[PDB]
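Enquirer: Just one file: work_20.cif, with mmCIF, C-alpha atoms.
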data_model
loop_
_atom_site.label_atom_id
_atom_site.label_comp_id
_atom_site.auth_asym_id
_atom_site.auth_seq_id
_atom_site.Cartn_x
_atom_site.Cartn_y
_atom_site.Cartn_z
CA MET H 1 -66.48 -131.25 -122.80
CA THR H 2 -68.76 -131.77 -119.75
CA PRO H 3 -67.80 -131.51 -116.01
CA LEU H 4 -68.80 -134.40 -113.68
CA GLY H 5 -72.52 -133.86 -112.90
CA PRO H 6 -73.70 -136.95 -110.93
CA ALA H 7 -77.46 -137.48 -110.40
CA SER H 8 -78.16 -138.49 -106.76
CA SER H 9 -80.52 -136.12 -104.85
CA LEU H 10 -78.05 -133.28 -105.56
CA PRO H 11 -80.64 -130.50 -106.23
CA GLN H 12 -82.14 -129.82 -102.76
CA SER H 13 -79.97 -127.58 -100.49
CA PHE H 14 -80.52 -124.73 -103.03
CA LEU H 15 -84.30 -125.28 -102.72
CA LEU H 16 -83.85 -125.02 -98.91
CA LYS H 17 -82.13 -121.61 -99.27
CA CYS H 18 -84.92 -120.31 -101.57
CA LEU H 19 -87.53 -121.55 -99.03
CA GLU H 20 -85.73 -119.59 -96.25
CA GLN H 21 -85.86 -116.45 -98.46
CA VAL H 22 -89.65 -116.84 -98.97
CA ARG H 23 -90.02 -117.35 -95.18
CA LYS H 24 -88.26 -114.07 -94.21
CA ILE H 25 -89.94 -112.04 -97.02
CA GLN H 26 -93.38 -113.53 -96.11
CA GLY H 27 -92.90 -112.63 -92.41
CA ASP H 28 -91.90 -109.04 -93.32
CA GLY H 29 -94.95 -108.73 -95.65
CA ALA H 30 -97.11 -110.25 -92.85
CA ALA H 31 -96.22 -107.69 -90.11
CA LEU H 32 -96.16 -104.81 -92.65
CA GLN H 33 -99.49 -105.89 -94.23
CA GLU H 34 -101.23 -106.21 -90.81
CA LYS H 35 -99.82 -102.91 -89.45
CA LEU H 36 -100.68 -101.12 -92.73
CA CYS H 37 -104.08 -102.90 -92.82
CA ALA H 38 -105.20 -101.53 -89.41
CA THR H 39 -103.48 -98.12 -89.80
CA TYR H 40 -105.44 -97.92 -93.09
CA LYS H 41 -108.93 -99.42 -92.44
CA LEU H 42 -108.94 -101.23 -89.05
CA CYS H 43 -108.32 -104.98 -89.74
CA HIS H 44 -110.91 -106.13 -87.11
CA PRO H 45 -111.97 -109.83 -86.78
CA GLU H 46 -114.87 -111.29 -88.85
CA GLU H 47 -117.31 -108.45 -89.75
CA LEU H 48 -116.62 -106.79 -93.15
CA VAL H 49 -115.77 -110.21 -94.76
CA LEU H 50 -119.52 -110.36 -95.62
CA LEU H 51 -119.63 -107.24 -97.85
CA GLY H 52 -116.13 -108.26 -99.07
CA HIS H 53 -117.42 -111.71 -100.17
CA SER H 54 -120.53 -110.32 -101.97
CA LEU H 55 -118.76 -107.34 -103.61
CA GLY H 56 -115.41 -109.24 -103.83
CA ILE H 57 -117.12 -112.42 -105.20
CA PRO H 58 -116.08 -115.84 -103.73
CA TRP H 59 -112.39 -116.65 -104.50
CA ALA H 60 -110.25 -119.85 -104.45
CA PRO H 61 -110.21 -121.88 -101.17
CA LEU H 62 -107.16 -122.04 -98.82
CA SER H 63 -105.38 -124.90 -100.66
CA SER H 64 -105.20 -125.84 -104.39
CA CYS H 65 -105.11 -129.67 -104.60
CA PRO H 66 -107.01 -131.75 -101.97
CA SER H 67 -104.64 -134.71 -101.33
CA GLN H 68 -102.06 -133.50 -103.93
CA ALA H 69 -102.91 -136.45 -106.25
CA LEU H 70 -105.69 -135.76 -108.82
CA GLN H 71 -105.13 -134.33 -112.35
CA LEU H 72 -101.95 -132.20 -112.64
CA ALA H 73 -103.53 -129.90 -115.28
CA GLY H 74 -106.52 -129.28 -112.95
CA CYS H 75 -104.17 -128.29 -110.09
CA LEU H 76 -102.38 -125.97 -112.58
CA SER H 77 -105.77 -124.47 -113.59
CA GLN H 78 -106.69 -123.61 -109.96
CA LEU H 79 -103.11 -122.44 -109.14
CA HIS H 80 -102.88 -120.26 -112.30
CA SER H 81 -106.42 -118.80 -111.93
CA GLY H 82 -105.96 -118.37 -108.14
CA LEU H 83 -102.48 -116.76 -108.45
CA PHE H 84 -103.91 -114.68 -111.35
CA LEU H 85 -106.75 -113.44 -109.07
CA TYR H 86 -104.27 -112.51 -106.29
CA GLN H 87 -101.91 -110.75 -108.76
CA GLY H 88 -104.82 -108.85 -110.40
CA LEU H 89 -106.24 -107.72 -107.02
CA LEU H 90 -102.72 -106.70 -105.88
CA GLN H 91 -102.47 -104.76 -109.19
CA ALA H 92 -105.76 -103.00 -108.26
CA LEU H 93 -104.56 -101.86 -104.78
CA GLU H 94 -101.24 -100.68 -106.32
CA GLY H 95 -103.26 -99.07 -109.17
CA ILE H 96 -105.51 -97.06 -106.74
CA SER H 97 -103.14 -94.13 -105.80
CA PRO H 98 -102.41 -93.93 -102.03
CA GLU H 99 -99.03 -95.80 -102.16
CA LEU H 100 -98.45 -95.40 -98.37
CA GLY H 101 -95.12 -97.30 -98.82
CA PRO H 102 -93.09 -98.76 -101.78
CA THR H 103 -92.99 -102.14 -99.90
CA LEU H 104 -96.16 -103.29 -101.76
CA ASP H 105 -93.99 -103.18 -104.93
CA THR H 106 -91.32 -105.60 -103.56
CA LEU H 107 -93.97 -108.01 -102.15
CA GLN H 108 -95.82 -107.87 -105.50
CA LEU H 109 -92.35 -108.38 -107.09
CA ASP H 110 -91.98 -111.74 -105.27
CA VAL H 111 -95.55 -112.60 -106.34
CA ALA H 112 -94.44 -111.61 -109.89
CA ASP H 113 -91.58 -114.16 -109.90
CA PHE H 114 -94.08 -116.76 -108.60
CA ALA H 115 -96.65 -116.06 -111.37
CA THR H 116 -93.70 -116.27 -113.81
CA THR H 117 -92.77 -119.82 -112.67
CA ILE H 118 -96.48 -120.71 -113.09
CA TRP H 119 -96.36 -119.20 -116.62
CA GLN H 120 -93.34 -121.51 -117.28
CA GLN H 121 -95.49 -124.49 -116.17
CA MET H 122 -98.07 -122.96 -118.58
CA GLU H 123 -95.38 -123.08 -121.33
CA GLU H 124 -95.34 -126.84 -120.69
CA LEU H 125 -99.21 -126.91 -120.53
CA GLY H 126 -101.25 -123.81 -119.21
CA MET H 127 -103.77 -122.97 -122.01
CA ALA H 128 -106.94 -124.03 -120.08
CA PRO H 129 -108.02 -120.98 -117.98
CA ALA H 130 -111.17 -121.24 -115.79
CA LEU H 131 -112.40 -117.64 -116.16
CA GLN H 132 -114.45 -116.34 -119.14
CA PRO H 133 -115.68 -112.79 -118.28
CA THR H 134 -117.05 -110.44 -121.01
CA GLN H 135 -113.62 -109.85 -122.70
CA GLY H 136 -110.60 -108.51 -120.72
CA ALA H 137 -111.49 -106.85 -117.41
CA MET H 138 -110.89 -107.86 -113.75
CA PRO H 139 -107.83 -106.21 -112.08
CA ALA H 140 -109.70 -103.07 -110.82
CA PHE H 141 -112.08 -102.90 -107.82
CA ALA H 142 -113.16 -99.43 -109.21
CA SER H 143 -111.53 -97.51 -106.27
CA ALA H 144 -113.98 -96.43 -103.48
CA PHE H 145 -115.10 -97.42 -99.92
CA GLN H 146 -116.32 -101.02 -100.57
CA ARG H 147 -113.38 -101.36 -102.98
CA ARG H 148 -110.76 -100.40 -100.34
CA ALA H 149 -112.37 -102.84 -97.87
CA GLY H 150 -112.20 -105.50 -100.64
CA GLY H 151 -108.45 -104.75 -100.97
CA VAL H 152 -107.55 -105.09 -97.24
CA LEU H 153 -109.75 -108.23 -96.96
CA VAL H 154 -108.00 -109.81 -99.98
CA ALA H 155 -104.69 -108.86 -98.26
CA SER H 156 -105.58 -110.91 -95.14
CA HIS H 157 -106.79 -113.86 -97.29
CA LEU H 158 -103.51 -113.46 -99.26
CA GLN H 159 -101.36 -113.93 -96.12
CA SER H 160 -103.51 -116.95 -95.14
CA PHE H 161 -103.17 -118.64 -98.57
CA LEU H 162 -99.44 -117.72 -98.42
CA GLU H 163 -98.99 -119.60 -95.11
CA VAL H 164 -100.88 -122.68 -96.42
CA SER H 165 -98.80 -122.52 -99.66
CA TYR H 166 -95.56 -122.52 -97.63
CA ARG H 167 -96.93 -125.48 -95.61
CA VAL H 168 -97.69 -127.68 -98.67
CA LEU H 169 -94.36 -126.44 -100.17
CA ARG H 170 -92.45 -127.93 -97.20
CA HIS H 171 -94.59 -131.11 -97.45
CA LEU H 172 -93.40 -132.03 -101.00
CA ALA H 173 -90.56 -134.57 -100.38
CA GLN H 174 -92.52 -137.80 -99.64
CA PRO H 175 -90.78 -139.89 -102.37
#
Is it possible to give me this structure as structure tokens?
Expert:
Amino acid sequence: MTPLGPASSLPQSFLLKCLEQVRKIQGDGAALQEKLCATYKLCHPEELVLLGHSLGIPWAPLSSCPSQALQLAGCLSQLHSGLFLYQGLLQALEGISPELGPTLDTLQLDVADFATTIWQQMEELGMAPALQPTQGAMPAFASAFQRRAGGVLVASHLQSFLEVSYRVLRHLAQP
């Protein structure tokens, strides 16, 4: 009929294993994204971020919710629009042509599973997007010099937001 399924902080160790998987895959994408970033453009300190911010347009900050306690739908709007901007930009770099390594597909694959879980949260309540362009158009820098620089710059900002996301992910067991 129904095996014994007690309810006492049982679901947790599995979440720890998944976290470890995201840690190893994030580290591999970090060293591979930095080595590929310099071997491709240069990946120097602050310098091109200016032309990347004007041509790339300002994007979401480092974190989503301030103190993680203010409107759940709002946090889902910034996390869905932010993750949608990172997935669209990643789709642009992969859409360019110079593959230079199939690894970008497996890293984007992990980001695909993430966007999927956010689309599940959307299933519960995710019909309030915060982006109203002309009518379908965004994932495509146009492919060129400023566009390639926009791609590598978004890559660095992607690893930064990824580290801060892992941080807040570990800090989610207060209760």
Enquirer: Apply the PyMOL selection byres ((chain H and resi 71-87) around 8) to the structure shown and report the selected residues as a PDB file with C-alpha atoms, keeping the file's coordinate frame.
Expert:
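That gives us result-v8.pdb:
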ATOM      1  CA  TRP H  59    -112.390-116.650-104.500  1.00  0.00           C
ATOM      2  CA  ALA H  60    -110.250-119.850-104.450  1.00  0.00           C
ATOM      3  CA  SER H  64    -105.200-125.840-104.390  1.00  0.00           C
ATOM      4  CA  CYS H  65    -105.110-129.670-104.600  1.00  0.00           C
ATOM      5  CA  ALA H  69    -102.910-136.450-106.250  1.00  0.00           C
ATOM      6  CA  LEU H  70    -105.690-135.760-108.820  1.00  0.00           C
ATOM      7  CA  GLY H  88    -104.820-108.850-110.400  1.00  0.00           C
ATOM      8  CA  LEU H  89    -106.240-107.720-107.020  1.00  0.00           C
ATOM      9  CA  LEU H  90    -102.720-106.700-105.880  1.00  0.00           C
ATOM     10  CA  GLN H  91    -102.470-104.760-109.190  1.00  0.00           C
ATOM     11  CA  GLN H 108     -95.820-107.870-105.500  1.00  0.00           C
ATOM     12  CA  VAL H 111     -95.550-112.600-106.340  1.00  0.00           C
ATOM     13  CA  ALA H 112     -94.440-111.610-109.890  1.00  0.00           C
ATOM     14  CA  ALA H 115     -96.650-116.060-111.370  1.00  0.00           C
ATOM     15  CA  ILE H 118     -96.480-120.710-113.090  1.00  0.00           C
ATOM     16  CA  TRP H 119     -96.360-119.200-116.620  1.00  0.00           C
ATOM     17  CA  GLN H 121     -95.490-124.490-116.170  1.00  0.00           C
ATOM     18  CA  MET H 122     -98.070-122.960-118.580  1.00  0.00           C
ATOM     19  CA  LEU H 125     -99.210-126.910-120.530  1.00  0.00           C
ATOM     20  CA  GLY H 126    -101.250-123.810-119.210  1.00  0.00           C
ATOM     21  CA  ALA H 128    -106.940-124.030-120.080  1.00  0.00           C
ATOM     22  CA  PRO H 129    -108.020-120.980-117.980  1.00  0.00           C
ATOM     23  CA  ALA H 130    -111.170-121.240-115.790  1.00  0.00           C
ATOM     24  CA  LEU H 131    -112.400-117.640-116.160  1.00  0.00           C
ATOM     25  CA  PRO H 139    -107.830-106.210-112.080  1.00  0.00           C
ATOM     26  CA  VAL H 154    -108.000-109.810 -99.980  1.00  0.00           C
ATOM     27  CA  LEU H 158    -103.510-113.460 -99.260  1.00  0.00           C
TER      28      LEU H 158
END
Enquirer: Quick one: of H:106, H:98, H:56, H:26, who's nearest to residue 160 (chain H), counting all atoms listed in the file?
Expert: H:26
Enquirer: Within 8 Å of region 163-170 of chain H, which residues of region 19-127 of chain H show up? Give each one with its shortest atom-to-atom distance in Å (one decimal) and the two atoms involved, counting all atoms listed in the file, rows by chain then rising residue number, as CSV.
Expert:
residue,atom,partner,partner_atom,distance
H:23,CA,H:166,CA,8.0
H:62,CA,H:164,CA,6.8
H:63,CA,H:164,CA,6.6
Enquirer: If you count all atoms listed in the file, which residues fall within 12 Å of residue 144 (chain H), apart from same-chain ones fewer than 5 positions away, as a PyMOL selection string?
Expert: chain H and resi 55+92-93+96-98+149-151
Enquirer: Using all atoms listed in the file, which residues sit within 10 Å of residue 29 (chain H) once same-chain residues fewer than 5 positions away are excluded, as a PyMOL selection string?
Expert: chain H and resi 23-24+34-36+103-104+106-108+159
Enquirer: Between H:68, H:13, H:53, H:156, single out the one closest to residue 174 (chain H), counting all atoms listed in the file.
Expert: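 The answer is H:68, which sits nearest to residue 174 (chain H).
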Enquirer: Please indicate the distance in Å from CA of residue 101 (chain H) to CA of residue 30 (chain H), rounded to one decimal place.
Expert: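 Pair CA of residue 101 (chain H) / CA of residue 30 (chain H) returns 14.4 Å.
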Enquirer: Please indicate the distance in Å from CA of residue 142 (chain H) to CA of residue 95 (chain H), rounded to one decimal place.
Expert: 9.9 Å
Enquirer: Please, what distance in Å, to one decimal, runs between CA of residue 52 (chain H) and CA of residue 153 (chain H)?
Expert: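 The value is 6.7 Å.
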Enquirer: With all atoms listed in the file as the basis for distance, which of H:136, H:5, H:32, H:173 is at the shortest distance from residue 100 (chain H)?
Expert: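 Comparing H:136, H:5, H:32, H:173 against residue 100 (chain H), the winner is H:32.
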